[PDB]
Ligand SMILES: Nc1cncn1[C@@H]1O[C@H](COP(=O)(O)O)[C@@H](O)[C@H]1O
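Form solved without this ligand, single chain, as structure tokens, below.
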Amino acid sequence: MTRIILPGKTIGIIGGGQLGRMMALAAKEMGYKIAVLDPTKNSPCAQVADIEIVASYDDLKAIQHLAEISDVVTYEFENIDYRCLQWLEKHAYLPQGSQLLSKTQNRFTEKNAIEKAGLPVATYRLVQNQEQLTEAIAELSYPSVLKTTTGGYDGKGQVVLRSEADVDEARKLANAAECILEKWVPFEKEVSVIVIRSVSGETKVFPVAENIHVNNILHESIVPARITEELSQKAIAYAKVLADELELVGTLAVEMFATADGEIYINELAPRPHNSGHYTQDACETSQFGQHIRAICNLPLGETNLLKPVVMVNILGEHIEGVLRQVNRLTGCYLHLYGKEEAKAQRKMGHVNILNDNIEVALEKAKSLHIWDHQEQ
């Protein structure tokens, strides 16, 4: 499309957490004005916004007020209900649309969409009752994973089935929610690729990141991912096909499992800037945030070249005190802090990008700081 949102206009963001703040910082460099809607006052994004609307995400009047004063609307918060999404899509300017968001909100719908796009996923079965769970266990065997189809984004919303001894905890889960059961994928590495597609269809792909999770929370992203050139090219190709097939506008994070045998399976999609892309802020020619703004405003996309190898490390509530006390040791480290007040143990408070010519040296730097000893074990 030809529709361009010029510098000087207002970008409205639904959700005022760190992803909102970082989008807003990127937009401000390019001379955009920012409006944000969020349930809590003084959110991370509001701390950088020109206009703040403090309301619930299901409050259609407030959503309308945001739209009314915005030249383009984007979201960080994903669980926007259909009546609000349709209103925005048809009566405001929401170039991302609602179709992609709706697909990624349900694990079953999501896997179907991926397979229909021609891409591999772990073999899976929908589980809506006990009978279906029984049949699924029979078909897929052990080991397996039962996950709820909606409302993550946790460790509680799933149960790993290694033996018949785990079935009872699984039945409990299938009793409270609609689920999916997936075959256990024996993977070597978890990897992700951020792809960007503008309103006019220009596409850019970021380099493959290797992701290390701990307690179902991201710990580290390592770029370049420590994988063969063949796995890398495959992950990138898969992401590009997804972006095309799903008619992406904006940002898509594609999380994947990579096997020793060089197989890729697609795990999940997030139609927004993602935690596994924060490395781009310091190590790439354009950040995922600068890219997202350009994409929705239909400006030319920037380059995604990796300019230096990087390890991103997450800063949770349990780490913030360690970071501040060790601040004098943060040479070659690039600190981002989100401006959150309460430091809950598993709340994401910031991240640090450790840049180095050698990836193993960056990894060692994080260890030597003794901030993440818990995650390291």
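The first residue of the shown sequence is 1; numbering continues from there. If you superpose the two forms and keep the largest set of C-alpha atoms that fall within 1.5 Å, you have the rigid core.
The same protein also has a form deposited with this ligand bound, omitted here; what follows describes it.
Listed residues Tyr93, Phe108, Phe77, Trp87 were compared with this ligand in the deposited complex; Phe77 is the one with a heavy atom within 4.5 Å.
Heavy atoms of no residue among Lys28, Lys204 and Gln291 are located within 4.5 Å of this ligand in the deposited complex.
Of the candidate stretches 61-69, 321-329, 46-54, 343-351, only 343-351 contains residues with a heavy atom within 4.5 Å of this ligand in the deposited complex.
Although the partner is absent here, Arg197 is not a contact residue: none of its heavy atoms lies within 4.5 angstroms of this ligand in the deposited complex.
Taking non-hydrogen atoms only, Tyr82 never approaches this ligand to within 4.5 angstroms in the deposited complex. In the deposited complex, this ligand lies within 4.5 Å of some heavy atom of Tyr153. For the partner-free chain shown, nothing in 196-226 comes within 4.5 angstroms of this ligand in the deposited complex, judged by any non-hydrogen atom.
Rigid-core fit between this form and the one not shown: of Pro120, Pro224, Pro143, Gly155, the one residue whose Cα shifts 2 angstroms or more is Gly155.
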